[PDB]
Amino acid sequence: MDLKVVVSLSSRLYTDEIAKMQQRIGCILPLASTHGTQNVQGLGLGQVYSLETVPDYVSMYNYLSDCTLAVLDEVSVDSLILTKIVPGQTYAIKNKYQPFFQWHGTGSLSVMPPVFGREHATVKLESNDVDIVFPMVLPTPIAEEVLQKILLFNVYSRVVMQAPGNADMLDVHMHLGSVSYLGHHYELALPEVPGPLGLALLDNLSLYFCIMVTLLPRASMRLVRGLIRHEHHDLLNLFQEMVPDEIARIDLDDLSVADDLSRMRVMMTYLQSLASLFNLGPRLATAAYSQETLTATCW
Amino acid sequence: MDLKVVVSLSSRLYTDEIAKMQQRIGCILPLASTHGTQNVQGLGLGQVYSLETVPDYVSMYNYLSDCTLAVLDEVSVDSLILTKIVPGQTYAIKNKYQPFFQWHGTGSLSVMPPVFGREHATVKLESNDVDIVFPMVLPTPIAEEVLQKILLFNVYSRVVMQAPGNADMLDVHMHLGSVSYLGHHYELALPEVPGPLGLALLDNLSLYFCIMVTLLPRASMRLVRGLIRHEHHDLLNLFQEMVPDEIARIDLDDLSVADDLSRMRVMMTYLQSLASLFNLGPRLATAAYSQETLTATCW
Amino acid sequence: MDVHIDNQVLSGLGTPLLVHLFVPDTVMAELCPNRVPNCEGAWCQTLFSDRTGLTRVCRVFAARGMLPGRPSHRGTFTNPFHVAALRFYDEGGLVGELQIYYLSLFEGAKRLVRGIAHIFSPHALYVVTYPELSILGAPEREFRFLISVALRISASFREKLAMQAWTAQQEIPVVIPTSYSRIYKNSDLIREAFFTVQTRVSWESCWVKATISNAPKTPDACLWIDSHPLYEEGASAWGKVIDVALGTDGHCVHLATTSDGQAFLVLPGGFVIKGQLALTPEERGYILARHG
Amino acid sequence: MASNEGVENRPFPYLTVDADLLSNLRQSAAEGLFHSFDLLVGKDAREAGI
Numbered sequence: 001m002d003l004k005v006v007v008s009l010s011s012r013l014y015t016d017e018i019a020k021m022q023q024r025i026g027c028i029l030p031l032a033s034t035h036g037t038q039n040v041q042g043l044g045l046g047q048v049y050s051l052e053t054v055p056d057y058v059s060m061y062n063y064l065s066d067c068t069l070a071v072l073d074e075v076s077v078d079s080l081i082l083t084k085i086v087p088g089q090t091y092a093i094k095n096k097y098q099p100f101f102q103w104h105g106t107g108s109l110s111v112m113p114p115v116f117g118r119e120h121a122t123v124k125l126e127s128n129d130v131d132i133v134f135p136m137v138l139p140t141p142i143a144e145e146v147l148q149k150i151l152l153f154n155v156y157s158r159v160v161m162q163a164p165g166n167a168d169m170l171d172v173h174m175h176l177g178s179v180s181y182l183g184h185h186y187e188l189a190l191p192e193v194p195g196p197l198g199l200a201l202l203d204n205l206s207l208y209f210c211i212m213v214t215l216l217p218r219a220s221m222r223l224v225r226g227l228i229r230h231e232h233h234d235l236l237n238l239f240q241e242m243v244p245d246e247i248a249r250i251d252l253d254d255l256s257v258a259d260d261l262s263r264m265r266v267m268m269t270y271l272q273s274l275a276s277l278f279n280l281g282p283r284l285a286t287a288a289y290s291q292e293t294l295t296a297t298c299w
Numbered sequence: 001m002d003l004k005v006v007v008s009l010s011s012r013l014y015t016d017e018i019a020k021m022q023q024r025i026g027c028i029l030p031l032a033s034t035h036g037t038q039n040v041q042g043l044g045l046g047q048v049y050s051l052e053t054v055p056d057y058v059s060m061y062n063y064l065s066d067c068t069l070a071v072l073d074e075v076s077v078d079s080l081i082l083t084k085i086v087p088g089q090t091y092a093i094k095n096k097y098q099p100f101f102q103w104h105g106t107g108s109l110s111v112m113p114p115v116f117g118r119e120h121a122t123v124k125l126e127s128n129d130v131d132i133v134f135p136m137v138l139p140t141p142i143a144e145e146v147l148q149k150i151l152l153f154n155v156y157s158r159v160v161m162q163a164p165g166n167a168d169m170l171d172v173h174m175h176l177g178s179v180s181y182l183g184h185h186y187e188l189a190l191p192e193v194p195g196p197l198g199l200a201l202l203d204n205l206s207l208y209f210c211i212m213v214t215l216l217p218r219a220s221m222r223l224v225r226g227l228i229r230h231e232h233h234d235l236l237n238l239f240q241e242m243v244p245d246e247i248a249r250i251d252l253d254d255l256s257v258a259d260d261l262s263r264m265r266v267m268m269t270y271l272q273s274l275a276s277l278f279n280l281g282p283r284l285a286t287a288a289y290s291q292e293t294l295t296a297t298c299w
Numbered sequence: 001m002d003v004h005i006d007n008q009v010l011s012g013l014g015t016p017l018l019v020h021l022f023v024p025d026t027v028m029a030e031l032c033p034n035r036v037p038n039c040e041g042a043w044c045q046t047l048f049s050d051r052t053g054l055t056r057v058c059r060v061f062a063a064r065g066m067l068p069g070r071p072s073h074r075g076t077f078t093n094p095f096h097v098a099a100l101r102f103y104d105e106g107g108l109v110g111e112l113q114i115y116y117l118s119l120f121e122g123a124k125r284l285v286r287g288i289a290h291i292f293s294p295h296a297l298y299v300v301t302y303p304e305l330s331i332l333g334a335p336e337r338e339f340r341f342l343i344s345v346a347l348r349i350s351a352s353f354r355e356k357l358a359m360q361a362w363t364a365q366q367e368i369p370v371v372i373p374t375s376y377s378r379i380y381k382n383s384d385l386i387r388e389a390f391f392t393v394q395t396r397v398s399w400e401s402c403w404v405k406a407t408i409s410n411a412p413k414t415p416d417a418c419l420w421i422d423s424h425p426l427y428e429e430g431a432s433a434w435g436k437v438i439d454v455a456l457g458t459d460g461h462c463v464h465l466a467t468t469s470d471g472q473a474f475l476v477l478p479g480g481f482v483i484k485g486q487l488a489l490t491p492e493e494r495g496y497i498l499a500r501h502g
Numbered sequence: 001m002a003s004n005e006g007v008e009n010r011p012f013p014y015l016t017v018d019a020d021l022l023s024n025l026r027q028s029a030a031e032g033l034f035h036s037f038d039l040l041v042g043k044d045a046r047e048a049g050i
């Protein structure tokens, strides 16, 4: 019910880094194991993310969700005082990310690996030959958008192999490259080569997709095939007057409510399971916020 | 420790208005602010639900996911008293919503916007020229059934409106009017028309679900074709037998690469947004229930 | 035989009819010497005995396996006159094109797996048949195509020598031993260099890749070199990229092509001769259909 | 400029001065009149430890 964790440093502070660490007060980082005394290298995210190593971000998500998360509380010349995240406790939080994102009230926050920039969220302590890597806390919308972009890139990279360069320039860096915000645009770091352990999510995705596409309903296809041709809609701006003929080929047979209903039941049941393969991030609920202090109360 | 909120009204109520809260003492309410007394208007759902305009389901789901829940506790000529809903704390519930219903121990309650008439569930306070709207509470399985069935009926009504050739209103009503659970039978109302567009429930779960289910086969074929390697999961190989031949003969060279990316990303966003809707958002359990008292001990 | 049911769901996408196959390891040893790479990337192509061609069906991504017969070692699993082409590769840059002639796939499907003769390489190829379901011109086109293109480059080099009053200079600062007094017969240098330049032909030569450039910006700063040994002391290497050492090491004839149409003949001793590259729209288009 | 660059938080014995400073405080703090200013909300407005 009361948890205070001290991490001891063998070497000294080396004040060159302490100022940057001190304006870095009150922010999250995941620690290795829950004990009163910790090792210095297990403290940051520096273990999972080596400088020479190519980033595979689903592995970073897997490491990040497993480890306990801690609130930085105070840096001392030889000490790191951090209270941790008890699952049933409420505490304040204050954040400053160099990719700076503005929060709303009662908006759930997701914890993610620092996909944007290594120099940004990582502080090198070469005195111990270590590097403290802070994780990224974002509002849930932008979090799921960025994760989806990451997985779609991990697919289309395997796809765009041996295709015209017009595939190489466009899909690889038009939508999978940048993430927008209100009058703002942030680039992403992209894995030069497709990463293993990322598609391990995609295999399960393909499984669910096979099972779901075995049980798709019929009437919805008829409604859409009618509405694209007879009427105009903004959601139907995507489809032009021409229809993908796949829908025409599946559509051929008549309707029956008794068939649609059991398909709908099993489709609903297979839709509750996707939330496990889509979250991959510990979520924090907002209770109150002040832009004048940038200090919210997450939960 | 305390979580009570006392709202003070500006104008003194009429005698007729008092009676219905005393009827609806046991009901949940939304609450915009967890702080002080606070302007009256925040409490009801009349902000999200528009008596002026036909409101979508999206606003109601997104609001009830994030906003605070409260219980009516006591009512006086000016004063209204509410008790905040906090996780991990036990409360008492009455079924003062209208749609008469059964309760069961270990029942999984979920809070969702009233699909029925709000005027059937709301009260209008003419002293303060305001409206208090009460959100719907339903056990999890039957709520799944209700949403699934009403969306199926909407799709069927829009289809019979579009192309009168395949149109069975009587069997549609016969299959979707009845709800049978635990040996109990409930007949729910079905609207007369889907309308030209957007009659307060139609657009969201019809259009999003329809476009997602139209895009899922093409996206799944693209993903499965891209995903085959040596190290991939074995069950993928087996389920590749499951898919239909017409979905198997679908061409990937037809659609442009940029259009392929657009469809993939849009369908993934739609499916990810639709999955959590069917988890039914605000969840809770129960310890026991007493019928003749109408009292559910919830937590 | 799992990749065969893996294909046929979406196999109808690219091509109307296909033939299942299996390739021995000694047969692959022509493509990928000094290596035994997996073939997960390996993407097929198609080829017709006329000007018309269609490619890029990308038939099968197939793992290695032993054959159903016990005495089948460890081979790689996967008009009667044409040169059907296949292209194997992996995640890396190890790519190889193999030829197949009909009368081996049509007659090879005789009767559920059977060996057939391979005309291009003197070894057997195994064909599996699912039980429930102008002869010399066709191989001679690519050869004379590339030969005439290289001869055009050679004629350009000769005219550029004519422009310089039949003399040469250096453009790569490598100090020669200065002992060249007809040692190595300084004329024999260019005789044997032109020997190897005009004799050697490969679909993956430097100018092949240099003709087909993805961008305007990068390939201007990019050079495509290939150096081959003097007097056939070894094998040749084609298509190295320059994001010099090759002028230093003797007994290596160096050929460097730009994206702009410049060719450069480097001799041992750093001397450079310039030539021009010219391809009509038809040959450019044929090479774009092949390589791209 | 930045909020906390040279602001020391340590608990000094402050002098109680008569003149009134509160006028136009939050506006001049938001627009940025004076550099190296620090705002502390009610949870963090106490005498710091030693």
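Line by line, the protein sequences give chains k, p, v and N.
Numbering (PDB author numbering) for the first sequence: 1 to 299.
Numbering (PDB author numbering) for the second sequence: 1 to 299.
Numbering (PDB author numbering) for the third sequence: 1 to 78, 93 to 125, 284 to 305, 330 to 439, 454 to 502.
Numbering (PDB author numbering) for the fourth sequence: 1 to 50.
Think of the CB as a built atom: it goes at the ideal place given N, C-alpha and C, for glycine as much as any other residue.
- The continuous alpha helix (DSSP H) containing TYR57 (chain p) extends over residues 57-66.
- The Cβ atoms of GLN38 (chain k) and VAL7 (chain k) lie closer than 9 angstroms to each other.
- Chain p has no Cβ within less than 9 angstroms of the Cβ of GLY502 (chain v).
- With the criterion set as a beta carbon lying under 7 angstroms from some beta carbon of chain p, the members of the region 21-43 of chain v are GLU40, in sequence order.
- Collapsing the DSSP output to three states places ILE114 (chain v) in a strand.
- As computed with DSSP, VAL97 (chain v) is found in a beta bridge with v:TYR115.
- For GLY198 (chain p), there are no C-beta contacts with chain k under 8 angstroms, since the nearest C-beta of that chain is about 10 angstroms from it.
- Under the Cβ criterion of 9 angstroms, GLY14 (chain v) is counted among the residues facing chain p.
- Spanning the alpha carbons of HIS501 (chain v) and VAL437 (chain v) requires a straight line of approximately 16 angstroms.
- If you ignore the 5 residues before and after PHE101 (chain k), its C-beta comes within less than 8 angstroms of the C-beta of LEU138, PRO139, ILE142 and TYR181, all in its own chain and listed in chain order.
- Chain order gives the chain v residues near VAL243 (chain p) as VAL9, where near means a beta carbon separation below 8 angstroms.
- One finds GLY12 in chain v with Cβ atoms closer than 7 angstroms to the Cβ of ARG249 (chain p), taken in chain order.
- Here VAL27 (chain v) carries a helix assignment [DSSP, helix/strand/coil].
- Only buried fits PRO30 (chain p), as 16 or more other CB atoms lie within 10 angstroms of its CB.
- In the displayed model, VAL172 (chain k) falls within a helix according to three-state DSSP.
- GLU145 (chain p) is classed as buried because its beta carbon has at least 16 other beta carbons within 10 Å across all chains shown.
- Taking the Cα positions, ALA29 (chain v) is about 30 angstroms away from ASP50 (chain v).
- Bridge pairing for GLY485 (chain v): v:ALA473 [DSSP].
- Against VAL155 (chain k), the close residues of chain p are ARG222, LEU223, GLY226, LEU227 and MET264, in the order they occur along the chain (beta-carbon pairs closer than 9 angstroms).
- Against chain k, the CB of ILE85 (chain p) has no partner CB under 9 angstroms away; the residue lies outside that interface.
- In the DSSP secondary-structure assignment, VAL5 (chain p) is bridged to p:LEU82.
- Bridge pairing for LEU138 (chain p): p:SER110 [DSSP].
- In this chain, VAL160 (chain k) is not harboured by any alpha helix (DSSP H), its DSSP state being neither H nor E.
- Residue nearest to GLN98 (chain k) within the set k:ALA92, k:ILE150, k:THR122 and k:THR83 is k:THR122 (criterion: CA-CA distance).
- With a threshold of 9 angstroms between beta carbons, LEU125 (chain p) makes no contact with chain k.
- Look at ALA189 (chain k) here: in three-state DSSP terms it is coil, with no helix or strand label.
- The beta carbons of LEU3 (chain p) and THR90 (chain p) sit no closer together than 9 angstroms.
- Where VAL257 (chain k) is concerned, the enclosing alpha helix (DSSP H) starts and stops at 257-271.
- In this model, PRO191 (chain k) and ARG118 (chain k) are separated by some 13 angstroms (Cα to Cα).
- Around the beta carbon of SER11 (chain p), fewer than 16 other beta carbons lie within 10 angstroms, which makes this residue exposed.
- Counting along the chain, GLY287 (chain v) sits inside the beta strand (DSSP E) bounded by residues 285-289.
- In this structure, the beta-carbon distance from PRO303 (chain v) to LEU284 (chain v) falls below 9 angstroms.
- Secondary structure note for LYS124 (chain k): it is in no alpha helix (DSSP H), and the uninterrupted beta strand (DSSP E) holding it is 122-125.
- The CB of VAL7 (chain N) never comes closer than 7 angstroms to any CB in chain k; the least such distance is about 11 angstroms.
- The beta carbon of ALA411 (chain v) falls within 9 angstroms of a beta carbon belonging to chain k, placing the residue at that interface.
- The beta carbons of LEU109 (chain p) and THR286 (chain p) sit about 7 angstroms from each other, so the pair counts as a contact at 8 angstroms.
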